[PDB]
Structure formats: C-alpha cells, structure tokens
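Just add 10 to wherever you are in the sequence shown, counting from 1, and you've got PDB author numbering. Cβ coordinates follow ideal geometry from the N, Cα and C atoms, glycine included.
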Amino acid sequence: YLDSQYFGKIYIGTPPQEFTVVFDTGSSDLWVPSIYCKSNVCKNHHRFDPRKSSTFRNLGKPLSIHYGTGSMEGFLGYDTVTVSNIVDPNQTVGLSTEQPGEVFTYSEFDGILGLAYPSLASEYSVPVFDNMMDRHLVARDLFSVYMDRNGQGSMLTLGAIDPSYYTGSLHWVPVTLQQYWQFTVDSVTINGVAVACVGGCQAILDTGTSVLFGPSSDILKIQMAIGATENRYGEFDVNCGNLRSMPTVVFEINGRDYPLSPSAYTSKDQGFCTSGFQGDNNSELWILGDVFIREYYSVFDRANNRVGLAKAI
Ligand SMILES: *[C@@H]1O[C@H](CO)[C@@H](O)[C@H](O)[C@H]1NC(C)=O
C-alpha cells in the first residue's frame with residue numbers, strides 16, 4: 011500500500027537535510043532513514059545524520075512499524091521539519107536503524123509521512139499535521155490532495171483548499187471511524203445495477219496506494235462486469251480497443267455519484283491494458299487509492315471530521 015507516486019520533498023534539521031517521502035493518508039507516522047542504518051537499501055537512500063543538526067533532540071523512545079512486505083526499527087527525535095511551505099518545529103521524527111523487506115528495495119521514497127489520525131500513530135510519535143494544527147501553523151485544520159491523471163502528480167496543500175484543481179462543487183462526506191480517513195460508500199453500480207458494496211460498505215481514501223482494493227468476492231464481480239479477464243500474472247486485463255465501449259463504475263458516496271470511466275479505472279502501458287481493481291481475500295475494507303483520487307480532488311478536514319470530493323481538473 012506504498013506504491014503510489016504521491017511523493018514530495020521535505021527538509022529536516024538545521025541546516026536542512028532533504029528527503030523524499032510518500033505522503034500517506036493511510037498511516038500517521040513520520041520517519042526517514044538514519045545514518046545509523048548501514049544496509050544497501052539505506053546507504054543508497056538519503057539518510058538523516060542527527061549529529062549535523064543543531065536543533066535535533068533525542069526523545070529516548072523507540073519506533074517499530076511492520077509492513078506487509080517489510081518492517082522498520084528506529085529511534086525518535088525532535089527536529090524542525092519543512093513540508094509544503096509550512097515550517098514545523100519540535101516535530102517527532104522516526105529515524106530508521108534497520109529496514110528489512112522488499113517494500114523498501116522496490117520503493118523510490120526515502121521515508122513516509124503519514125497524514126491519518128493520531129489514533130494510528132505509534133506510541134510517542136506525533137503526526138506531522140497534528141503538530142502543525144497544535145502549533146497553529148496552518149490557516150485551516152484541513153489539507154488537500156491533487157494527483158495529476160498523467161504522470162506522478164501533483165500537489166499537497168496544507169491548511170487550504172485550492173479551487174484551481176477542481177471543477178463543479180465540493181461535496182462532503184462524514185468520517186465514520188477516526189483512524190484512517192474512513193467513510194461509508196453506499197453502493198458500487200455498473201450499467202445501472204448493483205454489483206459490489208451492496209447495502210453499503212466501509213472505505214478509506216489512501217494516497218499511498220496506487221490501485222483500488224476491495225473484498226475479493228465483490229472485486230471479482232466488478233472484473234466480470236467490466237469485461238476483464240484474469241491473466242497468468244494474477245491480474246485482470248482488457249483489450250485496449252474496448253475502452254471506448256466499456257461501462258462506467260459508479261461509487262455512490264453520501265448519496266452522490268462518483269463515476270470512474272474505463273480510462274480512469276484501467277492502466278494502459280504500451281498497448282497492454284489492466285484493471286485497476288484488486289481483490290483482497292482477508293479484508294472487507296475498500297481502499298480508494300490513486301485510481302480514485304486522480305479523478306477526484308480530495309480534501310481531508312480534521313476540524314469537521316469529513317472528506318471533501320470534487321471532480322479533478
Ligand atoms: C521545543 O524545542 C525546544 C528546543 O528546540 C525545547 O527547548 C522546548 O522545550 C520545546 N518546547 C516544548 C513545549 O516541548
């Protein structure tokens with residue numbers, strides 16, 4: 011759930027040391043590799059050296075996070091972190107000392123900056139946006155996410171909504187459980203009939219994920235409804251020539267329709283077209299990743315515990 015290209019540069023310490031991080035609405039901790047991680051993966055990424063920062067303070071607290079295909083262990087420090095033109099002082103930063111796992115081998119980011127609720131933060135870790143809200147460094151207690159449909163995009167706006175990135179009106183959906191950015195999806199219909207999320211379901215908006223995940227049974231119904239066929243890689247593909255005649259998949263959220271066109275829910279790479287839906291056999295949680303967010307400019311409002319959606323430019 012960390013394969014999206016929703017990265018950004020951040021700066022930590024005095025003078026600033028630069029890192030690339032995935033901005034992840036599916037988690038809540040900030041961490042980057044430290045100079046004390048000596049593995050190949052770490053040595054060939056940016057590593058924070060606390061000895062070189064005059065504002066660094068060691069918290070005397072550990073951090074350990076497990077991922078599907080890896081884990082990180084490290085230590086926590088305070089330092090100044092700059093993100094999207096906001097300078098965030100006295101910010102807890104996780105600093106890796108080990109990073110086993112394929113996830114880090116195959117990911118271009120140095121670290122992760124979580125944007126979910128503090129309930130998901132590790133012990134002793136304070137989420138970046140929480141620290142910013144607490145210190146009153148943002149104009150409003152919300153942030154906004156634009157992902158450009160074509161090629162690694164594009165913007166994280168902290169403390170504001172940027173109307174230049176959407177058309178039509180912003181519509182709001184209440185958060186149901188304040189951990190992930192979680193809410194109710196009412197239905198998923200295709201060709202005007204119920205296919206998935208029948209009777210409603212729980213979903214999250216997850217900027218860290220490239221695809222759209224759902225329970226396997228429901229997802230298989232979607233693959234069949236869109237005319238996709240399973241291949242030997244375990245993915246589902248379609249004839250690119252059929253995109254013009256394929257159906258829209260409609261996510262209904264708080265009673266309004268959020269259609270995904272065939273071009274939006276498939277990937278086309280040198281004439282090979284694959285479904286952006288992926289099934290999970292061990293979870294009923296729908297994960298609306300970049301497939302969805304590329305189509306819908308997304309506002310994450312902590313003051314009012316709600317998500318705002320509008321059609322992206
Ligand atoms: C903020 O950080 C400074 C050092 O940078 C420290 O002296 C101070 O105690 C911190 N403030 C709080 C409220 O933790």
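- Query: In three-state DSSP terms, what is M143?
  - Reply: Along the sequence shown, read from residue 1 onward, the residue named residue 143 stands at position 133. Taken through DSSP and simplified to helix, strand or coil, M143 comes out as helix.
- How about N100: is its Cβ closer than 7 Å to a heavy atom in ligand 1? Residue mapping note: residue 100 aligns to position 90 of the sequence shown, counting from 1. Yes.
- Query: For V208, is the classification buried or exposed, using 16 other Cβ atoms within 10 angstroms of its Cβ as the cut-off for buried?
  - Reply: Indexing the sequence shown from 1 puts residue 208 at position 198. Exposed is the call here.
- Item | Rounded separation between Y243 and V259 - CA only | Here residue 243 is taken as the residue at index 233 of the sequence shown, counted from 1. Here residue 259 is taken as the residue at index 249 of the sequence shown, counted from 1. Each residue's Cα considered, the two are about 24 Å apart.
- ligand 1 heavy atom lying under 7 Å from the CB of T92: What you label residue 92 is simply residue 82 of the sequence shown in a count that begins at 1. Checking the Cβ of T92 against ligand 1 gives no.
- Item | Helix, strand or coil at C47 [DSSP, three-state] | By one-based count along the sequence shown, residue 47 stands at place 37. Reduced to three states, the DSSP call for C47 is coil.
- Straight-line CA distance for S277 to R304? In the sequence shown, counting from the first residue as 1, residue 277 sits at position 267. In the sequence shown, counting from the first residue as 1, residue 304 sits at position 294. The straight-line gap from Cα to Cα measures roughly 12 Å.
- Query: Looking at C-beta atoms only, is the number of pairs between the segment 36 to 56 and the segment 128 to 136 that lie closer than 8 Å three or more?
  - Reply: yes
- Residue range of the beta strand (DSSP E) that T258 falls in? Your numbering for residue 258 matches position 248 in the sequence shown. From DSSP, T258 is part of no beta strand (DSSP E); its letter is neither H nor E.
- Message: So, with DSSP's three-state summary, where would you put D267?
- Response: What you label residue 267 is simply residue 257 of the sequence shown in a count that begins at 1. Correct three-state label for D267: strand.
- Query: Excluding the five sequence neighbours on either side, which residues of its own chain have a C-beta within less than 8 Å of the C-beta of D267, listed in chain order?
  - Reply: Against the sequence shown, residue 267 aligns to sequence position 257. Answer for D267: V260, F261, listed in chain order.
- Cβ separation of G286 and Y11, assumed to be a contact under 8 Å, to the nearest whole Å: Counting from one through the sequence shown, the residue named residue 286 turns up at place 276. Counting from one through the sequence shown, the residue named residue 11 turns up at place 1. About 14 Å separates the two Cβ atoms, so there is no contact after all.
- Query: From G210 to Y116, what distance separates their C-alpha atoms?
  - Reply: Locating residue 210 in the sequence shown gives position 200, where the first residue counts as 1. Locating residue 116 in the sequence shown gives position 106, where the first residue counts as 1. Answer to the nearest angstrom: the Cα atoms are 35 Å apart.
- Message: What does the alpha-carbon distance come out to for the pair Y306 and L319?
- Response: Taking the first residue of the sequence shown as 1, we reach residue 306 at position 296. Taking the first residue of the sequence shown as 1, we reach residue 319 at position 309. Near 6 Å, if we compare the C-alpha coordinates of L319 and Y306.
- Which one of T186, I263, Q189, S154 has the shortest CA to CA distance from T199? Mapped onto the sequence shown, residue 199 falls at position 189. Among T186, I263, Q189, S154, the Cα nearest to that of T199 is on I263.
- DSSP beta-bridge partners of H181: Residue mapping note: residue 181 aligns to position 171 of the sequence shown, counting from 1. Paired residue(s): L319.
- State yes or no: is the C-beta of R145 nearer than 7 Å to some heavy atom of ligand 1? Counting from one through the sequence shown, the residue named residue 145 turns up at place 135. No - ligand 1 has no heavy atom lying nearer than 7 Å to the Cβ of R145.
- Task: Would you kindly check if the distance between the Cβ of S135 and the Cβ of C47 is under 8 Å?
- Result: In the sequence shown, residue 47 corresponds to position 37, counting from 1. In the sequence shown, residue 135 corresponds to position 125, counting from 1. Going by C-beta atoms, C47 is not nearer than 8 Å to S135.
- Which parts of the segment 142 to 228 are runs of the beta strand (DSSP E), unbroken and 3 residues or longer, counting only runs that do not cross its ends? 152 to 156, 165 to 168, 176 to 184, 192 to 195, 197 to 200, 203 to 206, 211 to 215, 222 to 225
- Query: Is there contact between the segment 185 to 200 and the segment 155 to 174, where contact requires at least three CB pairs shorter than 8 Å?
  - Reply: The segment 185 to 200, when compared against the segment 155 to 174, does not touch it at the 8 Å Cβ threshold.
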